[PDB]
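Working notes for the structure below.
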Amino acid sequence: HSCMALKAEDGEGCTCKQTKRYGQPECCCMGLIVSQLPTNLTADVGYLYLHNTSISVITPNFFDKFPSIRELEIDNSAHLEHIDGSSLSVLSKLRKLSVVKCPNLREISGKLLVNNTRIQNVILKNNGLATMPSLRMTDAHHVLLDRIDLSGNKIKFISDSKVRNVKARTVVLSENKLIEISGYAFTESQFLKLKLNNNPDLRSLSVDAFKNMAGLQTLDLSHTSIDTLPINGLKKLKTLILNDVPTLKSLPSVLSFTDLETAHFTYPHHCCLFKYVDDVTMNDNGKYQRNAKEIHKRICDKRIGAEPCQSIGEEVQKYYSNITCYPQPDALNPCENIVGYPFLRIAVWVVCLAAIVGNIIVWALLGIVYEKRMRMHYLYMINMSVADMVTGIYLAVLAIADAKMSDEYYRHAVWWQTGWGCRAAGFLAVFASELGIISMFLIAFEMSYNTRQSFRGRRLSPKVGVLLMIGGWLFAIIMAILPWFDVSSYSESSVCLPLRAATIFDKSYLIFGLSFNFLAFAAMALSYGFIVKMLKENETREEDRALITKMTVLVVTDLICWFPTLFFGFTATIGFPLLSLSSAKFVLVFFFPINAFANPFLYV
Amino acid sequence: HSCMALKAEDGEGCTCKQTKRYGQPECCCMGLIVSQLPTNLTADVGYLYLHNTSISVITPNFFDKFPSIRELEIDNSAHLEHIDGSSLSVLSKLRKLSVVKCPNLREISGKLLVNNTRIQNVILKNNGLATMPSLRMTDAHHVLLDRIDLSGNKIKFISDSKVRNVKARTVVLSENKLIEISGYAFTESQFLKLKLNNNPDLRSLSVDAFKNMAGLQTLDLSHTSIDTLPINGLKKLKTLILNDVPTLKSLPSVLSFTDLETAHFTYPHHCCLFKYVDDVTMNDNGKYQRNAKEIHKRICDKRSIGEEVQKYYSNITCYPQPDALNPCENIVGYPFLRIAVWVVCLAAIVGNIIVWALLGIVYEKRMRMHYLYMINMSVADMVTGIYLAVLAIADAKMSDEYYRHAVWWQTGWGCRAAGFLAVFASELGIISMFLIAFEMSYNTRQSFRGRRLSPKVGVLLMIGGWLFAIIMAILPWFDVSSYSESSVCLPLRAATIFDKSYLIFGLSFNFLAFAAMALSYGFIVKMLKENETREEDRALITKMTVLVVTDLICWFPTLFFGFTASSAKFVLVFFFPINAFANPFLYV
Ligand SMILES: CC(C)CCC[C@@H](C)[C@H]1CC[C@H]2[C@@H]3CC=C4C[C@@H](O)CC[C@]4(C)[C@H]3CC[C@]12C
Ligand SMILES: *[C@@H]1O[C@H](CO)[C@@H](O)[C@H](O)[C@H]1NC(C)=O
Ligand SMILES: *[C@@H]1O[C@H](CO)[C@@H](O)[C@H](O)[C@H]1NC(C)=O
Ligand SMILES: *[C@@H]1O[C@H](CO)[C@@H](O)[C@H](O)[C@H]1NC(C)=O
Ligand SMILES: *[C@@H]1O[C@H](CO)[C@@H](O)[C@H](O)[C@H]1NC(C)=O
Ligand SMILES: *[C@@H]1O[C@H](CO)[C@@H](O)[C@H](O)[C@H]1NC(C)=O
Ligand SMILES: *[C@@H]1O[C@H](CO)[C@@H](O)[C@H](O)[C@H]1NC(C)=O
Numbered sequence: 041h042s043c044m045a046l047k048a049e050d051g052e053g054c055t056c057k058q059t060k061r062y063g064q065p066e067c068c069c070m071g072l073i074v075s076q077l078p079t080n081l082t083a084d085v086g087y088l089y090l091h092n093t094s095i096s097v098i099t100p101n102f103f104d105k106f107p108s109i110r111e112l113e114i115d116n117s118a119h120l121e122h123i124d125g126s127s128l129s130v131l132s133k134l135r136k137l138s139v140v141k142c143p144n145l146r147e148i149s150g151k152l153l154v155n156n157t158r159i160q161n162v163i164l165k166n167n168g169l170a171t172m173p174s175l176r177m178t179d180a181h182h183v184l185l186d187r188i189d190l191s192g193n194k195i196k197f198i199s200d201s202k203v204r205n206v207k208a209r210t211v212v213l214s215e216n217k218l219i220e221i222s223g224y225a226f227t228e229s230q231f232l233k234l235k236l237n238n239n240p241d242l243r244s245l246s247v248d249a250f251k252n253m254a255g256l257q258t259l260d261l262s263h264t265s266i267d268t269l270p271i272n273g274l275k276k277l278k279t280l281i282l283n284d285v286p287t288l289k290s291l292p293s294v295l296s297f298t299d300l301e302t303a304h305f306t307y308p309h310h311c312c313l314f315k316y317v318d319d320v321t322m323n324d325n326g327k328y329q330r331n332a333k334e335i336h337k338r339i340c341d342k343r392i393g394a395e396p397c398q399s400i401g402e403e404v405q406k407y408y409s410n411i412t413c414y415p416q417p418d419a420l421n422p423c424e425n426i427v428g429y430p431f432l433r434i435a436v437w438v439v440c441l442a443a444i445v446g447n448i449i450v451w452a453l454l455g456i457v458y459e460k461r462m463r464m465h466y467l468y469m470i471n472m473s474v475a476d477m478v479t480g481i482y483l484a485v486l487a488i489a490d491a492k493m494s495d496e497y498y499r500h501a502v503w504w505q506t507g508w509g510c511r512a513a514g515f516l517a518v519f520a521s522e523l524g525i526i527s528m529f530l531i532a533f534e535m536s537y538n539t540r541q542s543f544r545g546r547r548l549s550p551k552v553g554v555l556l557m558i559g560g561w562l563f564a565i566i567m568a569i570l571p572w573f574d575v576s577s578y579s580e581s582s583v584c585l586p587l588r589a590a591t592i593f594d595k596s597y598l599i600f601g602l603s604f605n606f607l608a609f610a611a612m613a614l615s616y617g618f619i620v621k622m623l624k625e626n627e628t629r630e631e632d633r634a635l636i637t638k639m640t641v642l643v644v645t646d647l648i649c650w651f652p653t654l655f656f657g658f659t660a661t662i663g664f665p666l667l668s669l670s671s672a673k674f675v676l677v678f679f680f681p682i683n684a685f686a687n688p689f690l691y692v
Numbered sequence: 041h042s043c044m045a046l047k048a049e050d051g052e053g054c055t056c057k058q059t060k061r062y063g064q065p066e067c068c069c070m071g072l073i074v075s076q077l078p079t080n081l082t083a084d085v086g087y088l089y090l091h092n093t094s095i096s097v098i099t100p101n102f103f104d105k106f107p108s109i110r111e112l113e114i115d116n117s118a119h120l121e122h123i124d125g126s127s128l129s130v131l132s133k134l135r136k137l138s139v140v141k142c143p144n145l146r147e148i149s150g151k152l153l154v155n156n157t158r159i160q161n162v163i164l165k166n167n168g169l170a171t172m173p174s175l176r177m178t179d180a181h182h183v184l185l186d187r188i189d190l191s192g193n194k195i196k197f198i199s200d201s202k203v204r205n206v207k208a209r210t211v212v213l214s215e216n217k218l219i220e221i222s223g224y225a226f227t228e229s230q231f232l233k234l235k236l237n238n239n240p241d242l243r244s245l246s247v248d249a250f251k252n253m254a255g256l257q258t259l260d261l262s263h264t265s266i267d268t269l270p271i272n273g274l275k276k277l278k279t280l281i282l283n284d285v286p287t288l289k290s291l292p293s294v295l296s297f298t299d300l301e302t303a304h305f306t307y308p309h310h311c312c313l314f315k316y317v318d319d320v321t322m323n324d325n326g327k328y329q330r331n332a333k334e335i336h337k338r339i340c341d342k343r399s400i401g402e403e404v405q406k407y408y409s410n411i412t413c414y415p416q417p418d419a420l421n422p423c424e425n426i427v428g429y430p431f432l433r434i435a436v437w438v439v440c441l442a443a444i445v446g447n448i449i450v451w452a453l454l455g456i457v458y459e460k461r462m463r464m465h466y467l468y469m470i471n472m473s474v475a476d477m478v479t480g481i482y483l484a485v486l487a488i489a490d491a492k493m494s495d496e497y498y499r500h501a502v503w504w505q506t507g508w509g510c511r512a513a514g515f516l517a518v519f520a521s522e523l524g525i526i527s528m529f530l531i532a533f534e535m536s537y538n539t540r541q542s543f544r545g546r547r548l549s550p551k552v553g554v555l556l557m558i559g560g561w562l563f564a565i566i567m568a569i570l571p572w573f574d575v576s577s578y579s580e581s582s583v584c585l586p587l588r589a590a591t592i593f594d595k596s597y598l599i600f601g602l603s604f605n606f607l608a609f610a611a612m613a614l615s616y617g618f619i620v621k622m623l624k625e626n627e628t629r630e631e632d633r634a635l636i637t638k639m640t641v642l643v644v645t646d647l648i649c650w651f652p653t654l655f656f657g658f659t660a670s671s672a673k674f675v676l677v678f679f680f681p682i683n684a685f686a687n688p689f690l691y692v
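In the order they appear, the protein sequences are chains A and B.
The first sequence maps to residues 41 to 343, 392 to 692 in the authors' numbering.
The second sequence maps to residues 41 to 343, 399 to 660, 670 to 692 in the authors' numbering.
Here it is as structure tokens:
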């Protein structure tokens, strides 16, 4: 409160007062005037506080004047360049140490907290610390550190055996710019919760970085580029947190963990990898075979009467089932199966074969009905057949993937889902959908303009029609190739559809798609009405009047099918996952595929 | 191990060895030469083993000769006719009891397991018993029986009040020909887990079969064929697995149970009744109102009444969770989709009436097999409409109710007839769609040459196609496929080997017929382009060509979505009937 009284006085000086609650007096120094603490200062001070004094650098003998110090705090000191930790450590009875808002405090040297058996907690946050303090410890400390914090600093490396024998609950290294943690970074220490989150640049961890530790209850690595989690030392974690670490493709063996109860992973399939371990756990037959032999008794020795100990291959899975994982699998990211129900499997196979057969029918019957004179709309019908063929290829990819990956999907799931293959599948699907939409709109507009101007005596240029076709093709291609990048990812579904909306920009992409669907529906309705009016004005030819009738059936069926599409989208304004997303998938796989599959029987 | 080692040296005889580990000597007998009790024997038999023994009958004097026997094991007693439980009861020194592979054991008399508070296991494996032993444990017993087992046997009956207070942890009566279980079969017995699996013949489980017993933590009736389940006794039950029981469609309400922690059922609607009990719990209001008050007091001491009870029940997970193939509380799932199917069925029926009027006005006076083909296509459209209507009214009748009485609709007759109508309508429509193009092609080709298809042949082929649709529709009534596995009543199951063949053959045949029809119409249009027919036929040819092409466009996508895919039900219910009623518009 001495600092508060000084700030109320606004006098850049040191003021002290004695408190009866603790006996020792409290002194605070403040302002730019004080370059060093004045000599006429009491020595029995327990609590020493410094508000942005002009101390440029703490000398190795700076704090030695006052032996009875018990608490320290330094704040806002913009002039602090370097501090020698030894002089601070000479303070035997130092209970708490805090340093904040020092921007230029580039280094703290020496083995801190050594020879100081009374430290209770350390707070070092929002400082320009450019290297890890060399924290050592010894077993004399009667009270463990409540919290030791280095968050908000700029540390980048943790060399061999930097933090030894510290006994503490919470240790935090978040927000730092770590690039590597070397082997044996910790040693002999026990931590209740070690924090390593919000560290974008952390790529490589040494395989034995957490080896030789004396205990680690909970650990979190969220927002990290960790490639492979270390195997050793982590054999006792109660909880594991690997949130938002897309580089963590393949986890180390689930067998190694022994007592974990809660685990948050980034990809959902690791949850099933933990759950579906039912047949995997008994296969180790090594050191963890002994560990399993030991853990089974640990439960079954104490679990009217009671069941006997079932074998080490069933009770271990019974215990492992209790392990809760947050990215739980769903119908959109299923385990052991891609398509699931056998009816759907055989239906997908037959429908892929039938889509290919329909494209073949398009080719053959269009060649049969082909007129000698070049026609503008033959190319459009061919492009719609191409859209149908792409849909068939997408379903073929899904079918063959389900055929190959059956019964072992959860192991291979992440590689397929994030891999190049899923991006290709999503490209195929969305490109087919957009190509069909733009092709329907283009053929409707071309027929409308040709019919309308032909009766008046003019015509829309067929080269303009080809230009519109290539413009729509580029539209579909750019709509499909963009989600390859992070505008909207294909990795959020097991069938590679773009059910992605997290960055709000992906929401912009989906809004653009929905708006284009609405514009296509409105344009088709209006252009078809105008076509009906023009047909009322004048009649068409005969041998190609089959195509005119096909346009009329487009007038009917396109409106019939796209009318409930927007209605379902509007009724799904809540956007409930796994229900509205399924509706969107069904809409995409129905309504463009309507015309796509119709193409043979439509065009004949 | 020691007995087998001694037997390996051509041990066609009885032999004894004084093992230092057990103190008392171990004795073994082997070979058909041992047709009776041992010749001169030893009186200090500690462990007893008899393998492939030619013993004929057992009399209490057999064991009284050497009352020191502590463990017993009888194996491969091929000739063994009968044993008396009294003989083993007198041998109170016994702790182990094994009897295996007896091929013709007809009966075991007396009360086995009585008089002996030291037996720890009773392992009767494949004894072929034609009547179960009257096993009993008296009040004086104190050793926890580790396991009592009756493996593959000929136990046709359990009879009333058979078993008296057995204290075994696990009772296994599996792989049995049980035809009936009279009441009180396990009176006052205390069991931890009871397994009755793999007894197909069990069809008369009494209401008091498990009455008054001291309780079971788990009860297993896997692969039974029971017609009902008693309410009494199972109140304390902690685990009930009823996988693959096909006949238990009248399960008492989950409220009757009080301590389930895990349950298995073959029909997911039972688990939906578990979760949706929310409105059923308070409906009881009988003496079970007092029972529910008691259990609510217990639950609240353990840590509104209805919400807490339903949370507790939701904690009772069941493996057959509900699925999209049979959504609970509704067939339509959505109210907007309900009005959509209502409007499509109304459009179907109104269009059918309009088509009746149109056929009445435009019908040609002269006989025409073409008009017959059009009539049967209109009938196919009408039956699609009636299938739509019955599904819609079934949803309306069971609005919000589709967890009670759900099973009877799927299995009893409603789904059977509805699926019959649906598939018959679809197949008749497809086959008529093929026949009309076949008529067009045959008439087009032959008339130019100067011939015509036989009208009798055409009528007979139309009747044959009608019969093909009928036989395709009737088959899933049997076990070749199933209507039962969907609230929409469509034939969705594909599990059995024949089911996959049936389903894939149906779909592939439909699409192949459509492709062949398209090829035939391509031939027709090529002929028309090359040669000009008579104008009277030319107008009719053009009208029918437009009709067929428009019908193709309307029909095709429905099966595509039904295969590539709630919304599946919506599309099958909406777009296909839309084609069905839109096609006559293209007819006229
Ligand atoms: C489910 C909601 C969103 C949309 C439902 C679509 C309804 C309104 C559509 C689909 C099929 C349509 C019918 C299709 C064909 C014809 C013939 C034509 O002369 C117009 C009327 C009539 C009879 C249409 C009436 C409107 C109709 C019934
Ligand atoms: C501390 O910081 C302020 C703000 O930069 C600075 O102006 C001031 O001189 C320092 N001392 C006090 C007492 O505010
Ligand atoms: C120490 O002396 C300085 C001047 O030398 C004076 O301003 C200050 O108040 C003194 N402080 C104490 C605690 O005596
Ligand atoms: C600090 O501890 C080290 C540990 O080796 C010891 O050598 C040193 O003398 C101590 N210094 C003081 C000032 O107590
Ligand atoms: C029976 O008597 C024979 C001959 O005296 C003796 O050797 C043998 O040990 C006895 N027991 C058996 C089982 O043959
Ligand atoms: C029992 O032993 C006899 C004679 O050694 C042998 O023929 C017979 O096969 C054996 N029993 C069985 C079931 O094999
Ligand atoms: C055991 O049987 C004997 C006669 O065999 C009988 O006297 C006795 O009461 C029985 N004991 C028990 C505990 O049933």
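In this text, a Cβ means the ideal position worked out from N, Cα and C, and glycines have one as well.
Contact between B/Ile98 and B/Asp124 holds, since their C-beta atoms are separated by about 6 Å, short of 8 Å. Neighbours of A/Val438 in chain B, taken as residues whose beta carbon is under 7 Å from its own, are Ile599, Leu602, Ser603 and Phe658 in chain order. Here DSSP, grouped into helix, strand and coil, assigns B/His500 to coil.
Taking a Cβ-Cβ cut-off of 7 Å, the neighbours of B/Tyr616 in chain A comprise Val692, given in sequence order. For B/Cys649, a Cβ of chain A is located within less than 9 Å of the residue's own Cβ. A/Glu220 has A/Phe197 and A/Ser244 as its beta-bridge partners, per DSSP. Residue ranges of uninterrupted beta strand (DSSP E) with 3 or more members, entirely inside the segment 230-275 of chain B and ordered along the chain, are 233-235 and 258-260. Residue side-chain check: B/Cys68 keeps its Cβ at 8 Å or more from all non-hydrogen atoms of ligand 5.
Between A/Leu175 and A/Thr210 a beta carbon distance of about 14 Å is seen, past the 8 Å cut, so the two are scored as non-contacting. Counting C-beta pairs with one atom in each stretch, the segment 484-494 of chain B and the segment 562-580 of chain B have fewer than three that are closer than 8 Å, which means they do not touch.
Non-local beta-carbon contacts of B/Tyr537 in its own chain, meaning distances under 6 Å to residues more than five positions away in sequence, involve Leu548 in chain order.
Secondary structure of B/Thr637 (DSSP, three-state): helix.
Around the beta carbon of B/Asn101, fewer than 16 other beta carbons sit within 10 angstroms, so the residue counts as exposed.
In the DSSP assignment, no residue is bridged to A/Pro173. By the Cβ test, the segment 592-600 of chain A is not in contact with the segment 622-640 of chain A, since fewer than three Cβ pairs between them sit closer than 8 Å. When DSSP states are grouped into helix, strand and coil, A/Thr279 belongs to the strand group.
Straight-line spacing of the CA atoms in A/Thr306 and A/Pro417 works out to 12 Å.
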